[PDB]
Amino acid sequence: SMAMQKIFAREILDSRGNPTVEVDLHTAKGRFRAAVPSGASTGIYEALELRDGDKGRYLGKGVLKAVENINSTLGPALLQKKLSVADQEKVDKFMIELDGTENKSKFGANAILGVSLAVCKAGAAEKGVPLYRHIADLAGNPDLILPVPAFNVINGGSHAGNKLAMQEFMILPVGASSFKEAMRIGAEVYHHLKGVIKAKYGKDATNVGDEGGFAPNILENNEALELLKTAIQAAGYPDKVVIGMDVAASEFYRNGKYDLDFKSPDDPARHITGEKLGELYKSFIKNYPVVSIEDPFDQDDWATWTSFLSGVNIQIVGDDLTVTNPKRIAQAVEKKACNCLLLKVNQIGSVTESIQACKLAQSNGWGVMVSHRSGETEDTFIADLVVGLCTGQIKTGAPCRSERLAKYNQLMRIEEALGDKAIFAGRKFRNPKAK
Amino acid sequence: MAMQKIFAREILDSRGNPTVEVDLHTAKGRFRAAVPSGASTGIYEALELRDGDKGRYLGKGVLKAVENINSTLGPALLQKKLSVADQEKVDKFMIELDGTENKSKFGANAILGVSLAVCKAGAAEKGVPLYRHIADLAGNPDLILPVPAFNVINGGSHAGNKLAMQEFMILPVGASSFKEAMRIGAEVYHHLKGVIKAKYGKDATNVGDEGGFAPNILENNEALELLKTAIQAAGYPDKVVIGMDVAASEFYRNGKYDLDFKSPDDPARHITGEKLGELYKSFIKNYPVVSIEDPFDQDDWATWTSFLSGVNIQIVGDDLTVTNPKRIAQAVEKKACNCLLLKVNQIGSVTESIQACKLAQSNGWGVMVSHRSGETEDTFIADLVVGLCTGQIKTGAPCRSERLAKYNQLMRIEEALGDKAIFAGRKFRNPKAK
Ligand SMILES: [Mg+2]
Ligand SMILES: [Mg+2]
């Protein structure tokens, strides 16, 4: 196929003011553009992001090298192979084999993904179907599902300057009648939350973090949960909103125990065992509508994850545990460590591998939650992705900052286009096919 | 040339509030535009139509504006069979159909959404880029990349610090290109974050609506010194200058000005307009301050006139002028200011925005194209500032993608123009001068 006419890459700025890769692919159908969300340039289990490391330029975060790899090498090689733009698997296989390394470190995981994404968009256009339909086709899925959105509205953990140890406190409008109404509920709860924060914590307490949520200066994770409850009740949706958490416990594990005040000066006297931590989670589940907990234990604390899951009935999500990595996921499945995969496309580095990972988790009875990264762009690919993959759940920010709202707005447009055939996952978010 | 379909919807803006988006289809494809937040009440600007259902999005829905497009305005425009390239006749048609002075029959947000989508379609019909079509509509032969003005330290009425003045901006006028202006701006921003974190704490770096920081400070001199520190740490003291938006109407009190207006009332601390002017002269003498927006109250005309005559910097109307032709004519006649802030949604059509810019430039004024606090993923104003050749745009800190979307589009425009691209640089006030 001579469908692919031109491939050009550039450096643009992400939502945090750091460089990332953008790729334009041209065919007879037009120009197809995709950008890559920030990832990791080091790490043992994820695909390697290539960063320039020039400390005098963008504080070492340039992506000139990755961009050059596309313009000079990867792009020309792909165009010369004359592959169909609709054959996502063959295209991704070619790029993976040309790179030839397990972690995409020859060209950069960011270089390969940028191309992979643009090809996918062009493939949908060649077939004359929406991107969300092409993705479903690629996943062998006859149907399409609008996800429940999970909004990270109260923020703690390593990147927030409060004492609050747990990372993400999310609201999920599972009781909404449609995706459009899930956005209304989400936004109204957020607006009421801001007013509660201004009153209780001060006129200086309402600026936002990287994902659009708030970081009031609190320590108690129960106090964060009570704020969500207060905002839900203030908006008048107690019957329709549930809560999801991301603990990110690897961030506070030390010498075999867990520190829920780890942003205060070192003091092992305050550390708690994994067993006491599990008891705290059970109290959350009893006292609040907590339906999902991500990274409850450290990434290597396998026996503790396995024990915990056997005694609860909620969703337990792997992020640092699994890292969108086949070998790690296989360990988790075999050890029954968790029951939901967080899906970050840039951690694995191709559209095909991301789809494969989703389908394998689903075949083992797990849920899948599609995820943003903290460095996002105006790109909306992951909205079409979650719909075509039929997962029933996405986290892509508070309803604030347009690198977040761009995805939520796109999900609204997708539901609009589907008309009276649209299905919203609602209370079946964990598995939209459940009876 | 023919318009085939027009369809409007409600989307969420960058602060989580509804706004209007319009799709216009022609033989060339789909052309999509969204409207930034504005004002539903006011004497001098076009009226944004909000639903006012207090139970739905806290009264901020735009169902009525959207339905005005789908049910009335859209079908009326289509029936008229106008060329999508004739921006002037299209906008005239919609303005006369509405028939009010402030666009309050259909809503300024309804009219503007259609106006923007028509302009994008018309560029394609003519075989030229959007920025070139705008330059054609404005009568400009050349294209100019603007200096970006990044709002990196925030105060005034919508931050909870004591800092009375509203916006502290950095402008990389000494950059070699737009691409390098972005690199300088971003590096300064990252160094500023570190400076603020070390001085004011780990909890001091969350961001406002436009992506900037609100450290808990009182002194406007301390805001300026923070910029100086960040600029020096980044290594660009010879290439970055400073702009300010005072928004002085926010702290005008019974004929005087209160630079600690968020602290408990005490009229003994209030200062005269003359004293406030002397403070600005100190900023200009001791820091590289080159531009001040709304230095005085929106009705304090004599004080603006007197101040401008004794300073050689840029003085920008925002609340003074409100992108309103009658207000702008008064400011021209009185020599109140010498630069227009251009908010397309305050006037409500592309044609009137272009006319306002041209009238300002014909009077020797500069023009700075501006975002709104509630923005979207739309990048129209990037193409707009390049076609209008104004040399200057303020559209956010280099943080939050409703801001970066515009900055990234300006880098793409520069890339498309190649080695012929002209960057305003040190001629930002008037790119045609010298
Ligand atoms: Mg996580
Ligand atoms: Mg202003």
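Order of appearance sets the numbers: ligands from 1, and atoms from 1 within every ligand. Basis for what follows: all heavy atoms, side chains included, without hydrogens, waters or symmetry-related copies. Letters go in sequence order (proteins before strands), and every chain restarts at 1.
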Has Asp319(A) got an N/O/S atom less than 2.8 Å from the Mg ion (ligand 1)? yes

Say whether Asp320(A) and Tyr45(A), considering side chains only, have a donor N or O and an acceptor N or O under 3.5 Å apart. no

Which atom of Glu294(A) is nearest the Mg ion (ligand 1), counting N, O or S only? It is OE2

Residue pair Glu294(A) / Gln315(A), side-chain donor-acceptor N/O under 3.5 Å: no

Is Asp245(B) close enough to the Mg ion (ligand 2) that one of its N, O or S atoms comes in under 2.8 Å? yes

Under 2.8 Å from the Mg ion (ligand 1), is there any N, O or S atom belonging to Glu168(A)? no

So, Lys203(A) and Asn161(B): side-chain donor and acceptor under 3.5 Å apart, yes or no? no

Determine whether the side chains of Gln166(B) and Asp245(B) contain a donor N or O and an acceptor N or O closer than 3.5 Å. yes

